Amino acid sequence: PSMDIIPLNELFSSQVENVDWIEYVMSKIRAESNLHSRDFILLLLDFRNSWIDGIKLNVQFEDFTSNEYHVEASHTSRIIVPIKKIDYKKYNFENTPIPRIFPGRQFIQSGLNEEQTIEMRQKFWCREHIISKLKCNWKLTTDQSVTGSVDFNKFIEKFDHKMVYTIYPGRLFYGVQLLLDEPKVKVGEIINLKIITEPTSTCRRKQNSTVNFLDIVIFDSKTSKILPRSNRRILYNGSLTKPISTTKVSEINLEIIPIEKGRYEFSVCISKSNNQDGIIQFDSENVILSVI
Amino acid sequence: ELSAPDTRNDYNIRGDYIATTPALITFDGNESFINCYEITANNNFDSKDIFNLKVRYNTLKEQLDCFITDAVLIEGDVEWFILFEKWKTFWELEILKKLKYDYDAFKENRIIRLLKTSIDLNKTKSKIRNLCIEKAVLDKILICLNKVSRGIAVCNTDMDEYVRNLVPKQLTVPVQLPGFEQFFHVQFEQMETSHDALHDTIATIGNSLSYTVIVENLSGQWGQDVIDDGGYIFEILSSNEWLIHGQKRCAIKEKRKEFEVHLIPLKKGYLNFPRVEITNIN
Amino acid sequence: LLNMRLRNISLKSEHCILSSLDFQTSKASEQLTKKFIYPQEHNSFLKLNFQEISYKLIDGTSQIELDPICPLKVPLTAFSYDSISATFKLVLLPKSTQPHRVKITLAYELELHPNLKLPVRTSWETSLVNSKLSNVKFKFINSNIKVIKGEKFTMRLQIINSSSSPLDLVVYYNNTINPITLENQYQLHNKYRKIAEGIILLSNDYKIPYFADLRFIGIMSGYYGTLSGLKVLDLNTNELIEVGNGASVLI
């Protein structure tokens, strides 16, 4: 009787690799050596028992396995499954499925009809993707062999707006990777940084400013980003604002002339304009480099 | 471009900025455009010469109206054969009072007049009459630069044909001081509360004065404050300066002010006055 | 009037009180004897500190400063040793003695002996989270102690009630980015993103009915000071009060 979805950022380590989901994501990422994280989001189910004995609670999503999740009498327990997030460059998701009573009533939509009619379509189609694989099998604790399932279509409520862009990239605007030369540069050396941006199908709401202003912000990999005047820390050519199109895969550059450092971090944001409160999204792509 | 001076220095500069991926790297008088230059020193120590910058700037106010001139009202080479030619200086007495929208040219809205005087200006056809591909077809192009303002119409495509290349070239001082020495303080932290995970800012200095001083500040802590008393122990090498600290307290107004108003001072052994401090809390 | 001395005391509330005296060279006295020293062809002074001691002023007591000290002698300098006091509860201003022994010097003889002692009071003087309604005090039974390694761990919110309806309330973590000078927008966004996404709280709406265990897992690194998010909520309208307490490095 609740639901929450949380992304993932830490690669993790081998000595803690004994709980099921981290060894699942690590084992899945032993091959396919382009993804590391930020693509293996993590959804938080919370099973609650309204009965009078323990149950054992497996869950299998796709090839995910579980432990012997021993639940108790009236005890809520939280069960953690990892999913690769729904890519909109493997699909399109602009289809309403008609129900099973073809009564031909042919009703209205009655909102901003290009926005909510496909927005709630995005909601219950991502709900269709979550429902259509998630499988549980439960047996009562040493007093039966009652091995049944537990259906979910009376349980998963809707998706709120956090639980759309957490599950579905393509709710927010630009897909961004960050292509870098080396992570292990010495001090006196010059590095081209190369972000690569992908404008989306869901830029169709505006089209007005084809130009859209980004930023590049540099974090210390503790906290507390360096200022524009990055004195004795990092050096660069020109103002970092460096526009992109809402047309195609634009590229951009800087020249991170490093000076007297270690363990930096680079990430962007999207600002649409020059003014304050123009900023509309903050990406989370955080490529770190070290300086020796 | 920053380059060599007029001596036989041959300094191994490697930093530069040519606009190589754009040709139009804009600027709008509120942001930075920081340009950085690695001037690595040659076979000797770096001297005190005068270097020279080379900036090939241009104002925006000639660039933006080329699509308002060579595209909007000079399309056909017969419609711009004689219509422009006998009134080019009349066009340059017309477009010089354009007063374009350089107050909202940050976000969008390039190539718009900002409504200085739009309606009274069309009386110029009366007292002087020329070819109607200019005298009657450019008032529509004056409306086409009044409305129809494109946010970014790829303005580097129609730039290089008419943009003049101004070139300021200022000096560059390499301004500095002259006293080279060194230091190396060593330290070992004494427990206060718990280790807070200390992080380093830096270690370098440059100074020359009369009754000269060299002040230093400690590292940066990112746990709970009033932190561990750093106990320090000197190796005040290669000189004889004057110490002023012993076993400070690392999140406070204490400062290991190793002053130097004294002798044993070599001169000009590097790019400036330098004394590589390099404190070590290990 | 040869070496100006000052004592600075800082009140570390989670430990003892720390007070450090500080010697200096007193420049308005150094140029005095510099004039006669360069009259006798000497560049700087050679005062020798041979017996420096802080004693706890009482009927009779003495202490020992919190690191090591040799018998030193410096020309134009400053030194500062630190000694730990005892953090008083309320209203007892302790006093100290702070004796010293500067030995001056001349041409291998004529060591004019000096001594000084400035006795004064060592009181400069500039984690329970109360409920702020009915003294339902919360304290973690191991606060600020956790070196986890992205493993599970358990804590202990020892709630202390009025023992008058002691079964009332529910904890929760609120994994949601709060909705908030442009880099003042970005620092608040990075703080609110790393708060609401780094740890999970495996017992979410635990509904406590007076210990708790509260197992977390913690999926990103970094020092999480003050551990925000971990709210409780109680029988009245909105007792949405924080814990504001406890911290964990996760590496």
# chains A, B, ... in the order shown; residues from 1 in each chain; ligands from 1
$ interface_residues --of "chain B" --to "chain A" --cutoff "8 Å" --atoms "only C-alpha atoms" --output "PyMOL selection string"
chain B and resi 17+31-36+106-108+151-152+202
$ interface_residues --of "chain A" --to "chain C" --cutoff "10 Å" --atoms "only C-alpha atoms" --output "ChimeraX atom specification"
/A:2,4-13,15-19,44,46,75-80,162,217,219,221-228,269,275-279,282,284
$ write_last_selection --atoms "N, CA and C atoms" --output "short mmCIF file (atom, residue, chain, number, x, y, z; two decimals), in the first residue's frame"
data_model
loop_
_atom_site.label_atom_id
_atom_site.label_comp_id
_atom_site.auth_asym_id
_atom_site.auth_seq_id
_atom_site.Cartn_x
_atom_site.Cartn_y
_atom_site.Cartn_z
N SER A 2 1.90 1.36 -0.77
CA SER A 2 2.59 2.56 -1.24
C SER A 2 3.56 2.13 -2.33
N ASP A 4 7.45 3.81 -4.41
CA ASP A 4 8.43 4.87 -4.64
C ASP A 4 9.54 4.36 -5.54
N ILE A 5 10.13 5.27 -6.32
CA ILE A 5 11.10 4.92 -7.35
C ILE A 5 12.31 5.83 -7.17
N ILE A 6 13.52 5.26 -7.14
CA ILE A 6 14.74 5.98 -6.77
C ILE A 6 15.87 5.64 -7.73
N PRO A 7 16.59 6.60 -8.31
CA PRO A 7 17.68 6.27 -9.24
C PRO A 7 18.94 5.82 -8.51
N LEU A 8 19.98 5.53 -9.28
CA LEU A 8 21.17 4.89 -8.75
C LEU A 8 22.41 5.59 -9.28
N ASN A 9 23.43 5.74 -8.43
CA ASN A 9 24.60 6.51 -8.83
C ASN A 9 25.96 5.89 -8.51
N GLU A 10 26.01 5.07 -7.45
CA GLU A 10 27.29 4.45 -7.01
C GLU A 10 27.50 3.09 -7.68
N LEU A 11 28.71 2.87 -8.22
CA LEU A 11 29.10 1.60 -8.89
C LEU A 11 29.11 0.45 -7.87
N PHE A 12 29.54 0.76 -6.64
CA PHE A 12 29.65 -0.11 -5.43
C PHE A 12 30.94 -0.94 -5.46
N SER A 13 31.15 -1.75 -4.41
CA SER A 13 32.33 -2.58 -4.23
C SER A 13 32.09 -4.07 -3.98
N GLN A 15 33.24 -6.31 -1.76
CA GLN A 15 33.12 -6.88 -0.42
C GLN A 15 31.73 -6.75 0.16
N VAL A 16 30.92 -5.82 -0.35
CA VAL A 16 29.53 -5.68 0.07
C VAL A 16 28.59 -6.41 -0.88
N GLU A 17 29.13 -7.01 -1.94
CA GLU A 17 28.33 -7.62 -3.01
C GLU A 17 27.76 -8.96 -2.53
N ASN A 18 26.78 -8.86 -1.64
CA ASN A 18 26.08 -10.02 -1.11
C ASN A 18 24.59 -9.83 -1.00
N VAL A 19 24.08 -8.61 -1.04
CA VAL A 19 22.64 -8.41 -1.15
C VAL A 19 22.27 -8.40 -2.62
N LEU A 44 10.89 0.83 -5.17
CA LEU A 44 10.79 0.46 -3.77
C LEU A 44 9.38 -0.01 -3.51
N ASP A 46 6.73 -2.00 -1.03
CA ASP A 46 6.56 -2.19 0.40
C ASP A 46 5.38 -3.09 0.78
N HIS A 75 3.57 -6.89 9.80
CA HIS A 75 4.83 -6.20 9.59
C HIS A 75 4.94 -5.75 8.14
N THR A 76 5.20 -4.47 7.94
CA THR A 76 5.55 -3.96 6.63
C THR A 76 7.03 -4.23 6.39
N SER A 77 7.37 -4.71 5.20
CA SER A 77 8.76 -4.84 4.82
C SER A 77 8.94 -4.25 3.44
N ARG A 78 10.14 -3.74 3.16
CA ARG A 78 10.42 -3.02 1.93
C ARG A 78 11.34 -3.83 1.06
N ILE A 79 10.91 -4.09 -0.17
CA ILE A 79 11.57 -5.04 -1.05
C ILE A 79 12.03 -4.30 -2.29
N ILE A 80 13.29 -4.50 -2.66
CA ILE A 80 14.04 -3.61 -3.52
C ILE A 80 14.38 -4.37 -4.79
N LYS A 162 6.93 12.69 -10.12
CA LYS A 162 8.25 12.14 -9.82
C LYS A 162 8.42 10.78 -10.46
N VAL A 217 28.85 23.35 -14.89
CA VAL A 217 29.23 23.66 -13.52
C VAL A 217 30.17 22.57 -13.03
N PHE A 219 32.00 20.68 -9.89
CA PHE A 219 31.89 20.36 -8.48
C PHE A 219 33.14 19.66 -7.98
N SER A 221 33.69 17.20 -5.99
CA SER A 221 33.46 15.83 -5.51
C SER A 221 33.57 15.71 -3.99
N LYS A 222 33.32 16.80 -3.27
CA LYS A 222 32.85 16.75 -1.90
C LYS A 222 31.51 17.46 -1.78
N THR A 223 31.47 18.73 -2.13
CA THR A 223 30.34 19.65 -2.13
C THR A 223 30.83 20.93 -2.78
N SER A 224 29.96 21.95 -2.83
CA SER A 224 30.34 23.36 -2.92
C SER A 224 31.12 23.74 -4.17
N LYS A 225 30.41 23.88 -5.29
CA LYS A 225 30.99 24.16 -6.61
C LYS A 225 31.89 25.40 -6.62
N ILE A 226 32.89 25.33 -7.48
CA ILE A 226 33.81 26.44 -7.68
C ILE A 226 33.08 27.56 -8.43
N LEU A 227 33.56 28.78 -8.26
CA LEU A 227 32.94 29.97 -8.83
C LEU A 227 33.25 30.07 -10.32
N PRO A 228 32.71 31.08 -11.03
CA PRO A 228 33.25 31.40 -12.37
C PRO A 228 34.73 31.73 -12.39
N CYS A 269 23.51 22.01 -16.80
CA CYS A 269 22.12 22.33 -16.55
C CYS A 269 21.61 23.07 -17.77
N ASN A 275 17.92 34.89 -18.34
CA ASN A 275 17.45 35.44 -17.08
C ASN A 275 17.43 34.39 -15.98
N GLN A 276 17.30 34.87 -14.75
CA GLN A 276 17.06 33.99 -13.61
C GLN A 276 15.64 33.46 -13.66
N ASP A 277 15.45 32.28 -13.05
CA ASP A 277 14.27 31.40 -13.20
C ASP A 277 13.99 31.12 -14.68
N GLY A 278 15.04 30.88 -15.44
CA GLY A 278 14.89 30.38 -16.78
C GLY A 278 15.23 28.91 -16.78
N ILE A 279 15.81 28.45 -15.69
CA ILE A 279 16.39 27.11 -15.64
C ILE A 279 15.28 26.09 -15.45
N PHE A 282 17.92 19.96 -14.58
CA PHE A 282 19.28 19.76 -14.08
C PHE A 282 19.63 18.32 -14.42
N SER A 284 22.08 14.90 -14.58
CA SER A 284 22.68 14.11 -13.52
C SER A 284 23.71 13.16 -14.11
#
$ select_by_dssp --residues "segment 38-189 of chain A" --states "helix (DSSP H, G or I)" --output "PyMOL selection string"
chain A and resi 116-131+162-165
$ residues_around --residues "residue 17 of chain C" --least-positions-apart "3" --cutoff "8 Å" --atoms "only C-alpha atoms" --output "PyMOL selection string"
chain C and resi 9-13+84-87
$ closest_atom_pairs --of "chain B" --to "chain C" --cutoff "7 Å" --atoms "only C-alpha atoms" --output "tab-separated table"
residue	atom	partner	partner_atom	distance
B:193	CA	C:15	CA	6.6
B:226	CA	C:12	CA	6.8
B:242	CA	C:76	CA	6.5
B:243	CA	C:77	CA	5.5
B:244	CA	C:77	CA	4.3
B:245	CA	C:79	CA	5.1
B:246	CA	C:79	CA	5.0
B:247	CA	C:80	CA	6.5
B:248	CA	C:80	CA	7.0
$ select_by_dssp --residues "segment 49-102 of chain A" --states "strand (DSSP E or B)" --output "list in words"
residues 55, 58, 59, 60, 71, 76, 77, 78, 79, 80, 81 and 82 of chain A
$ write_last_selection --atoms "C-alpha atoms" --output "tab-separated table (two decimals), in the first residue's frame"
chain	number	residue	atom	x	y	z
A	55	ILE	CA	5.01	-15.68	4.63
A	58	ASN	CA	9.92	-14.29	-3.38
A	59	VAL	CA	9.85	-11.70	-6.14
A	60	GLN	CA	11.07	-12.16	-9.70
A	71	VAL	CA	7.64	-11.26	6.62
A	76	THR	CA	5.55	-3.96	6.63
A	77	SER	CA	8.76	-4.84	4.82
A	78	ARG	CA	10.42	-3.02	1.93
A	79	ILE	CA	11.57	-5.04	-1.05
A	80	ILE	CA	14.04	-3.61	-3.52
A	81	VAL	CA	14.13	-4.52	-7.22
A	82	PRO	CA	16.33	-2.95	-9.94
$ atom_distance --atom1 "atom CA of residue 229 of chain B" --atom2 "atom CA of residue 252 of chain B"
9.9 Å
$ residues_around --residues "segment 208-211 of chain C" --least-positions-apart "2" --cutoff "12 Å" --atoms "only C-alpha atoms" --output "PyMOL selection string"
(chain A and resi 75) or (chain C and resi 136-141+154-163+165-172+203-206+213-214+232-235)
$ write_last_selection --atoms "N, CA and C atoms" --output "CSV table (one decimal), in the first residue's frame"
chain,number,residue,atom,x,y,z
A,75,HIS,N,3.6,-6.9,9.8
A,75,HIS,CA,4.8,-6.2,9.6
A,75,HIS,C,4.9,-5.8,8.1
C,136,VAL,N,8.8,15.6,24.4
C,136,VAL,CA,9.0,14.2,23.9
C,136,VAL,C,10.4,14.3,23.3
C,137,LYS,N,11.4,14.1,24.2
C,137,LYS,CA,12.8,14.2,23.8
C,137,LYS,C,13.3,13.0,23.0
C,138,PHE,N,14.0,13.2,21.9
C,138,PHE,CA,14.6,12.2,21.1
C,138,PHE,C,16.1,12.3,21.1
C,139,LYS,N,16.8,11.2,21.2
C,139,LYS,CA,18.2,11.2,21.0
C,139,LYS,C,18.6,9.9,20.4
C,140,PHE,N,19.5,9.9,19.5
C,140,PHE,CA,20.0,8.7,18.9
C,140,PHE,C,21.0,8.1,19.9
C,141,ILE,N,20.9,6.8,20.1
C,141,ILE,CA,21.8,6.2,21.1
C,141,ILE,C,23.2,5.9,20.5
C,154,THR,N,21.9,-0.2,11.3
C,154,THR,CA,20.8,0.1,12.2
C,154,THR,C,21.2,1.1,13.2
C,155,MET,N,20.2,1.9,13.6
C,155,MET,CA,20.5,3.1,14.5
C,155,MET,C,19.5,2.9,15.7
C,156,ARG,N,19.3,3.9,16.6
C,156,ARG,CA,18.5,3.7,17.7
C,156,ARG,C,17.9,5.0,18.2
C,157,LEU,N,16.7,5.3,17.8
C,157,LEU,CA,16.0,6.6,18.1
C,157,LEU,C,15.3,6.4,19.5
C,158,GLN,N,16.0,6.7,20.6
C,158,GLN,CA,15.5,6.5,21.9
C,158,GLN,C,14.6,7.6,22.3
C,159,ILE,N,13.3,7.4,22.0
C,159,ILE,CA,12.3,8.4,22.3
C,159,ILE,C,12.0,8.4,23.8
C,160,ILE,N,11.9,9.6,24.4
C,160,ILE,CA,11.6,9.7,25.8
C,160,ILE,C,10.4,10.6,26.0
C,161,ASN,N,9.3,10.0,26.5
C,161,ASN,CA,8.0,10.6,26.5
C,161,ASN,C,7.7,11.2,27.9
C,162,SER,N,6.4,11.6,28.0
C,162,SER,CA,5.8,11.9,29.3
C,162,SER,C,5.2,10.7,30.0
C,163,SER,N,5.4,9.5,29.4
C,163,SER,CA,4.7,8.2,29.8
C,163,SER,C,3.2,8.4,29.9
C,165,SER,N,0.0,8.3,27.3
C,165,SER,CA,-0.3,7.7,26.0
C,165,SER,C,1.0,7.6,25.2
C,166,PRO,N,1.9,6.6,25.5
C,166,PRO,CA,3.2,6.5,24.9
C,166,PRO,C,3.3,5.9,23.5
C,167,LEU,N,2.1,5.7,22.8
C,167,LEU,CA,2.0,5.0,21.5
C,167,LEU,C,1.3,5.9,20.5
C,168,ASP,N,2.0,6.7,19.8
C,168,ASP,CA,1.4,7.8,19.1
C,168,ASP,C,1.8,8.1,17.6
C,169,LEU,N,3.0,7.7,17.2
C,169,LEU,CA,3.6,8.4,16.1
C,169,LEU,C,4.3,7.5,15.1
C,170,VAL,N,4.7,8.0,13.9
C,170,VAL,CA,5.2,7.3,12.8
C,170,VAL,C,6.4,8.1,12.2
C,171,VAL,N,7.4,7.4,11.8
C,171,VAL,CA,8.6,8.0,11.1
C,171,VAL,C,8.4,7.8,9.6
C,172,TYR,N,9.1,8.6,8.8
C,172,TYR,CA,9.2,8.5,7.4
C,172,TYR,C,10.4,9.3,6.9
C,203,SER,N,12.7,0.7,6.7
C,203,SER,CA,11.4,0.6,7.5
C,203,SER,C,10.7,1.9,7.4
C,204,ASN,N,9.8,2.1,6.4
C,204,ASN,CA,9.5,3.4,6.0
C,204,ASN,C,8.5,4.1,6.9
C,205,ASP,N,7.3,3.7,6.9
C,205,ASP,CA,6.3,4.2,7.8
C,205,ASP,C,6.2,3.3,8.9
C,206,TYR,N,7.2,3.3,9.8
C,206,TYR,CA,7.4,2.2,10.8
C,206,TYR,C,6.4,2.1,11.9
C,213,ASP,N,14.8,0.7,15.6
C,213,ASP,CA,16.1,0.2,15.0
C,213,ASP,C,16.4,0.9,13.6
C,214,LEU,N,15.4,1.1,12.8
C,214,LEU,CA,15.4,2.0,11.6
C,214,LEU,C,16.6,1.6,10.6
C,232,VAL,N,9.3,12.8,11.8
C,232,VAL,CA,8.2,12.0,12.4
C,232,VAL,C,6.9,12.8,12.3
C,233,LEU,N,5.8,12.1,12.7
C,233,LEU,CA,4.5,12.8,12.7
C,233,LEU,C,3.6,12.1,13.7
C,234,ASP,N,2.8,13.0,14.4
C,234,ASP,CA,2.2,12.6,15.7
C,234,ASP,C,0.7,13.0,15.7
C,235,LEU,N,0.0,12.4,16.6
C,235,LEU,CA,-1.5,12.5,16.9
C,235,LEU,C,-2.1,13.8,16.7
$ residues_around --residues "residue 2 of chain C" --least-positions-apart "2" --cutoff "7 Å" --atoms "only C-alpha atoms" --output "mmCIF file with N, CA, C and O atoms, in the first residue's frame"
data_model
loop_
_atom_site.group_PDB
_atom_site.id
_atom_site.type_symbol
_atom_site.label_atom_id
_atom_site.label_comp_id
_atom_site.auth_asym_id
_atom_site.auth_seq_id
_atom_site.Cartn_x
_atom_site.Cartn_y
_atom_site.Cartn_z
ATOM 1 N N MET C 4 54.753 39.783 24.371
ATOM 2 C CA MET C 4 53.329 39.903 24.655
ATOM 3 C C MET C 4 52.659 38.534 24.611
ATOM 4 O O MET C 4 52.855 37.769 23.664
ATOM 5 N N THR C 25 56.495 38.157 20.163
ATOM 6 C CA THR C 25 57.809 38.781 20.289
ATOM 7 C C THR C 25 57.776 40.228 20.747
ATOM 8 O O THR C 25 58.840 40.740 21.107
ATOM 9 N N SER C 26 56.602 40.886 20.716
ATOM 10 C CA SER C 26 56.354 42.249 21.202
ATOM 11 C C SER C 26 57.242 43.294 20.532
ATOM 12 O O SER C 26 58.253 43.686 21.121
ATOM 13 N N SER C 29 58.816 46.314 21.928
ATOM 14 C CA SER C 29 59.970 46.085 22.768
ATOM 15 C C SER C 29 61.172 45.561 22.005
ATOM 16 O O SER C 29 62.280 45.634 22.542
ATOM 17 N N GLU C 30 60.996 44.997 20.802
ATOM 18 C CA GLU C 30 62.177 44.437 20.151
ATOM 19 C C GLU C 30 63.047 45.517 19.545
ATOM 20 O O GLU C 30 64.261 45.316 19.457
#
$ atom_distance --atom1 "atom CA of residue 120 of chain A" --atom2 "atom CA of residue 163 of chain A"
12.3 Å
$ residues_around --residues "residue 209 of chain B" --least-positions-apart "2" --cutoff "12 Å" --atoms "only C-alpha atoms" --output "list in words"
residues 176, 177, 178, 179, 206, 207, 211, 212, 213, 214, 259, 260, 261, 262 and 273 of chain B
$ write_last_selection --atoms "N, CA, C and O atoms" --output "mmCIF file, in the first residue's frame"
data_model
loop_
_atom_site.group_PDB
_atom_site.id
_atom_site.type_symbol
_atom_site.label_atom_id
_atom_site.label_comp_id
_atom_site.auth_asym_id
_atom_site.auth_seq_id
_atom_site.Cartn_x
_atom_site.Cartn_y
_atom_site.Cartn_z
ATOM 1 N N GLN B 176 55.506 41.292 -11.857
ATOM 2 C CA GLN B 176 56.036 40.299 -10.940
ATOM 3 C C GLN B 176 56.849 40.983 -9.853
ATOM 4 O O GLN B 176 56.984 42.209 -9.817
ATOM 5 N N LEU B 177 57.380 40.156 -8.959
ATOM 6 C CA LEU B 177 58.315 40.565 -7.925
ATOM 7 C C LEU B 177 59.538 39.660 -8.000
ATOM 8 O O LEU B 177 59.553 38.697 -8.774
ATOM 9 N N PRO B 178 60.560 39.951 -7.195
ATOM 10 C CA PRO B 178 61.841 39.256 -7.346
ATOM 11 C C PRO B 178 62.480 38.967 -5.988
ATOM 12 O O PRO B 178 63.240 39.763 -5.435
ATOM 13 N N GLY B 179 62.154 37.780 -5.469
ATOM 14 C CA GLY B 179 62.849 37.123 -4.368
ATOM 15 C C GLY B 179 62.502 35.647 -4.423
ATOM 16 O O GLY B 179 61.364 35.272 -4.130
ATOM 17 N N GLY B 206 54.020 34.508 -3.338
ATOM 18 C CA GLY B 206 54.872 35.435 -4.086
ATOM 19 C C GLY B 206 54.859 36.771 -3.363
ATOM 20 O O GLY B 206 53.786 37.355 -3.185
ATOM 21 N N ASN B 207 56.029 37.273 -2.961
ATOM 22 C CA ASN B 207 56.064 38.527 -2.219
ATOM 23 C C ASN B 207 57.390 39.249 -2.402
ATOM 24 O O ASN B 207 58.439 38.612 -2.524
ATOM 25 N N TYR B 211 60.224 45.707 4.975
ATOM 26 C CA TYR B 211 59.826 44.890 6.131
ATOM 27 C C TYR B 211 58.800 43.838 5.702
ATOM 28 O O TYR B 211 57.661 43.802 6.168
ATOM 29 N N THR B 212 59.254 42.980 4.790
ATOM 30 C CA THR B 212 58.380 42.140 3.985
ATOM 31 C C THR B 212 57.781 41.000 4.799
ATOM 32 O O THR B 212 58.401 40.478 5.728
ATOM 33 N N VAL B 213 56.558 40.616 4.435
ATOM 34 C CA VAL B 213 55.822 39.570 5.129
ATOM 35 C C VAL B 213 55.280 38.557 4.133
ATOM 36 O O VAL B 213 54.969 38.889 2.987
ATOM 37 N N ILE B 214 55.177 37.313 4.589
ATOM 38 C CA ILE B 214 54.578 36.227 3.817
ATOM 39 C C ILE B 214 53.622 35.501 4.755
ATOM 40 O O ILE B 214 54.056 34.740 5.621
ATOM 41 N N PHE B 259 56.939 34.828 8.308
ATOM 42 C CA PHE B 259 57.349 36.105 7.731
ATOM 43 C C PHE B 259 58.783 36.047 7.214
ATOM 44 O O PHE B 259 59.596 35.228 7.646
ATOM 45 N N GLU B 260 59.099 36.939 6.272
ATOM 46 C CA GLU B 260 60.452 36.972 5.711
ATOM 47 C C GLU B 260 60.783 38.420 5.346
ATOM 48 O O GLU B 260 60.488 38.877 4.241
ATOM 49 N N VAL B 261 61.419 39.117 6.283
ATOM 50 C CA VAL B 261 61.934 40.464 6.074
ATOM 51 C C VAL B 261 63.453 40.480 6.171
ATOM 52 O O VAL B 261 64.045 41.491 6.544
ATOM 53 N N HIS B 262 64.092 39.367 5.823
ATOM 54 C CA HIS B 262 65.500 39.191 6.146
ATOM 55 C C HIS B 262 66.366 38.860 4.941
ATOM 56 O O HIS B 262 65.934 38.951 3.789
ATOM 57 N N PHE B 273 58.971 36.343 -8.077
ATOM 58 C CA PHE B 273 59.243 35.918 -6.716
ATOM 59 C C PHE B 273 58.448 34.653 -6.443
ATOM 60 O O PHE B 273 57.272 34.561 -6.797
#
$ residues_around --residues "residue 50 of chain A" --least-positions-apart "3" --cutoff "10 Å" --atoms "only C-alpha atoms" --output "list in words"
residues 47, 53, 72, 73, 74, 75 and 76 of chain A
$ write_last_selection --atoms "N, CA, C and O atoms" --output "PDB file, in the first residue's frame"
ATOM      1  N   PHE A  47       5.698  -4.381   0.918  1.00  0.00           N
ATOM      2  CA  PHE A  47       4.702  -5.410   1.190  1.00  0.00           C
ATOM      3  C   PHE A  47       4.192  -5.296   2.616  1.00  0.00           C
ATOM      4  O   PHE A  47       4.970  -5.100   3.550  1.00  0.00           O
ATOM      5  N   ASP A  53       0.168 -15.010  10.118  1.00  0.00           N
ATOM      6  CA  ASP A  53       1.339 -15.878  10.127  1.00  0.00           C
ATOM      7  C   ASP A  53       2.400 -15.286   9.210  1.00  0.00           C
ATOM      8  O   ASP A  53       2.137 -14.374   8.423  1.00  0.00           O
ATOM      9  N   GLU A  72       6.325 -10.925   8.642  1.00  0.00           N
ATOM     10  CA  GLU A  72       5.716 -11.301   9.909  1.00  0.00           C
ATOM     11  C   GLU A  72       4.240 -10.933   9.900  1.00  0.00           C
ATOM     12  O   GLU A  72       3.667 -10.754   8.820  1.00  0.00           O
ATOM     13  N   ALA A  73       3.623 -10.904  11.088  1.00  0.00           N
ATOM     14  CA  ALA A  73       2.167 -10.872  11.242  1.00  0.00           C
ATOM     15  C   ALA A  73       1.538  -9.608  10.669  1.00  0.00           C
ATOM     16  O   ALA A  73       0.774  -9.668   9.704  1.00  0.00           O
ATOM     17  N   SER A  74       1.849  -8.455  11.243  1.00  0.00           N
ATOM     18  CA  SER A  74       1.356  -7.189  10.720  1.00  0.00           C
ATOM     19  C   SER A  74       2.508  -6.291  10.308  1.00  0.00           C
ATOM     20  O   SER A  74       2.434  -5.069  10.432  1.00  0.00           O
ATOM     21  N   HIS A  75       3.573  -6.889   9.804  1.00  0.00           N
ATOM     22  CA  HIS A  75       4.831  -6.197   9.587  1.00  0.00           C
ATOM     23  C   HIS A  75       4.944  -5.754   8.138  1.00  0.00           C
ATOM     24  O   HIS A  75       4.805  -6.568   7.223  1.00  0.00           O
ATOM     25  N   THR A  76       5.199  -4.471   7.942  1.00  0.00           N
ATOM     26  CA  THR A  76       5.555  -3.960   6.634  1.00  0.00           C
ATOM     27  C   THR A  76       7.032  -4.229   6.391  1.00  0.00           C
ATOM     28  O   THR A  76       7.862  -4.016   7.276  1.00  0.00           O
TER      29      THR A  76
END
$ atom_distance --atom1 "atom CA of residue 6 of chain C" --atom2 "atom CA of residue 37 of chain C"
26.7 Å
$ closest_residue --among "A:70, A:121, A:83, A:199" --to "residue 95 of chain A" --atoms "only C-alpha atoms"
A:121
$ decode --residues "segment 255-260 of chain B" --atoms "N, CA and C atoms" --output "CSV table (one decimal), in the first residue's frame"
chain,number,residue,atom,x,y,z
B,255,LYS,N,47.1,31.5,12.1
B,255,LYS,CA,47.7,31.5,10.8
B,255,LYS,C,49.2,31.3,10.9
B,256,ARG,N,49.8,30.3,10.3
B,256,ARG,CA,51.2,30.0,10.4
B,256,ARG,C,52.0,31.0,9.6
B,257,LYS,N,52.1,32.3,10.1
B,257,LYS,CA,52.7,33.4,9.4
B,257,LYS,C,54.2,33.4,9.4
B,258,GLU,N,54.7,32.6,8.5
B,258,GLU,CA,56.2,32.5,8.3
B,258,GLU,C,56.6,33.8,7.6
B,259,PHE,N,56.9,34.8,8.3
B,259,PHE,CA,57.3,36.1,7.7
B,259,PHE,C,58.8,36.0,7.2
B,260,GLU,N,59.1,36.9,6.3
B,260,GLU,CA,60.5,37.0,5.7
B,260,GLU,C,60.8,38.4,5.3
